[PDB]
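Working notes, structure below.
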Amino acid sequence: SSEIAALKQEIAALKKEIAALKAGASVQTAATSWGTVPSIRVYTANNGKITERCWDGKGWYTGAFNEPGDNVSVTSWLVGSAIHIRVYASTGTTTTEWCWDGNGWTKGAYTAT
Amino acid sequence: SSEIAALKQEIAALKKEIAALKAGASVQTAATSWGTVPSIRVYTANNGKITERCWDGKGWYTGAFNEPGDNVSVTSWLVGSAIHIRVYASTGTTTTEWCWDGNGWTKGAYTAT
Amino acid sequence: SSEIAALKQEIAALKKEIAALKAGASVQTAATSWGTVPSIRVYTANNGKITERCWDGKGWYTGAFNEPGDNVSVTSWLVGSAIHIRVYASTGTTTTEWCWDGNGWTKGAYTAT
Ligand SMILES: OC[C@H]1O[C@@H](O)[C@@H](O)[C@@H](O)[C@@H]1O
Ligand SMILES: OC[C@H]1O[C@@H](O)[C@@H](O)[C@@H](O)[C@@H]1O
Ligand SMILES: OC[C@H]1O[C@@H](O)[C@@H](O)[C@@H](O)[C@@H]1O
Ligand SMILES: OC[C@H]1O[C@@H](O)[C@@H](O)[C@@H](O)[C@@H]1O
Ligand SMILES: OC[C@H]1O[C@@H](O)[C@@H](O)[C@@H](O)[C@@H]1O
Ligand SMILES: OC[C@H]1O[C@@H](O)[C@@H](O)[C@@H](O)[C@@H]1O
């Protein structure tokens with residue numbers, strides 16, 4: 001019947017659309033750096049978790065940052081030689097700020113409101 | 001019939017794929033900062049609109065920036081004490097540059113070409 | 001029959017969900033800047049390719065950077081007057097670092113591990 005043949009091309013069209021959406025998919029990164037060496041921190045949202053990779057001039061290694069998020073952005077600044085980093089990790093519509101200030105990642109005051 | 005049973009598992013498979021796509025979805029953020037206080041600006045693309053949240057050392061508040069976009073990136077620089085911000089808001093394939101230079105957001109010269 | 005009418009509303013619901021996913025889609029940008037002029041570089045992931053647009057104070061032009069990627073982030077730093085840029089281009093779960101250090105884009109040591 002042409003009733004079943006119609007829906008068989010309907011699902012075929014939906015497979016073309018879903019495959020186009022899946023084509024664009026990838027991990028999401030954010031990067032910051034400081035000084036002249038330099039130091040570089042690269043944050044990667046992958047499968048709902050954000051991890052950190054670090055460079056201080058002598059090879060790449062995994063940093064202490066490990067939090068949930070499907071999206072990430074980062075900024076940092078120097079107070080003298082001391083580095084301060086702010087990572088904004090988002091899941092759904094909730095965005096949590098994470099703060100490095102010398103020894104450990106803490107939850108920041110940021111809200112979207 | 002096994003004709004109807006085939007399409008009933010076809011749509012069931014498409015529900016698994018669409019749910020996987022929706023799982024990764026979230027708001028998209030960009031951040032910049034300047035000075036030593038510091039000042040921080042956080043831009044959030046949510047539901048086709050980009051809004052701005054601000055920190056100058058004494059709590060978070062909503063900034064003047066409000067434009068359309070599903071994606072956002074930002075950079076900024078200091079000319080002395082004066083801050084200049086450039087926000088690149090994208091919808092589809094169109095990317096508009098927005099310029100802060102001391103009093104108001106203006107449309108920048110940027111084009112993708 | 002109500003067997004065919006059921007699947008005709010099933011596919012209708014999947015069209016609403018796919019259209020919501022396609023609504024959020026856009027090009028993805030990252031930006032960096034340096035100095036006081038300033039110089040600005042804007043990277044755009046579009047249809048699996050990342051291109052670069054440049055500003056050094058006298059109009060926008062297309063830069064040498066051209067690599068594959070569905071996601072992009074960037075950071076840069078000055079060693080004196082010399083600019084160094086690091087672009088992290090991601091496809092699927094693979095993230096390649098690209099390095100500008102004065103004459104040409106080279107593949108960087110970065111790995112996600
Ligand atoms: O030296 C490694 C450490 O560097 C700091 O700047 C932060 O990025 C930490 O998360 C990281 O573990
Ligand atoms: O020290 C913690 C505080 O640091 C500031 O720079 C901001 O990032 C605040 O949102 C944060 O709570
Ligand atoms: O002080 C608030 C103002 O700060 C400026 O740097 C910009 O971010 C404006 O959009 C904002 O309204
Ligand atoms: O002052 C306006 C101009 O400022 C420059 O720094 C660039 O961002 C231009 O694209 C913009 O049009
Ligand atoms: O002046 C143009 C050149 O500027 C450099 O800083 C890099 O961004 C190159 O990719 C670009 O071609
Ligand atoms: O000069 C090449 C090297 O430069 C460093 O700053 C890092 O970005 C390395 O990952 C890269 O391989």
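What follows draws every value from the coordinates through simple rules; no lab data is involved. Counting neighbours? That spans all protein chains shown, and the Cβs are built from the backbone with ideal geometry, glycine included.
Listed here are the residues, each with its yes/no results for (1) more than 16 Å from ligand 5 (Cβ to nearest atom); (2) outside any strand (DSSP E or B).
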position	(1), (2)
B:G57	yes, yes
B:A64	yes, no
B:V74	yes, no
B:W77	no, no
B:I85	yes, no
B:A109	yes, yes
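For the stretch B:37-49, a residue qualifies if it is within 11 Å of another protein chain (Cβ to nearest Cβ) and in a strand (DSSP E or B), and the qualifying residues are B:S39, B:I40, B:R41, B:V42, B:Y43, B:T44, B:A45, B:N46. One residue is enough: does the stretch A:91-113 have a residue meeting the conditions of a type in the set (G, A, S) and under 25 Å from C:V87 (Cβ atoms)? No, there is no match, as no residue in the stretch A:91-113 is of a type in the set (G, A, S) and under 25 Å from C:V87 (Cβ atoms).
Within the stretch A:57-113, how many residues turn out to be within 21 Å of B:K49 (Cα to Cα), free of Cβ contacts under 8 Å to residues at least 40 places away in the same chain and within 15 Å of the chain's Cα centre (by Cα)? The qualifying residues number 9. The condition of being touching a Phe, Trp or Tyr at 6+ places or on another chain (Cβ under 6 Å) and among the hydrophobic types (A, V, I, L, M, F, W, C) holds for only one of B:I50, B:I11, that being B:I50. Residue count for the stretch C:97-107 satisfying the condition of being outside any strand (DSSP E or B) and either buried (at least 16 other Cβ atoms within 10 Å of the Cβ) or within 16 Å of ligand 1 (Cβ to nearest atom) (or both): 0.
Looking only at the stretch B:86-96, residues that are surrounded by fewer than 21 Cβ atoms within 10 Å (Cβ to Cβ) and within 13 Å of ligand 4 (Cβ to nearest atom) come to 1 in all. Scanning the stretch B:13-36 for residues that are at the interface with another protein chain (Cβ under 7 Å from one of its Cβ atoms), of a type outside the set (A, V, I, L, M) and surrounded by fewer than 18 Cβ atoms within 10 Å (Cβ to Cβ) yields B:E17, B:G24, B:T36. Taking the criterion of being within 12 Å of chain A (Cβ to nearest Cβ), farther than 30 Å from B:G80 by Cβ and surrounded by fewer than 16 Cβ atoms within 10 Å (Cβ to Cβ), the only residue of the stretch C:50-85 that qualifies is C:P68. How about the stretch A:9-38: which of its residues are under 25 Å from B:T75 (Cα atoms) and more than 19 Å from the chain's Cα centre (by Cα)? The answer is A:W34, A:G35, A:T36, A:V37, A:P38.
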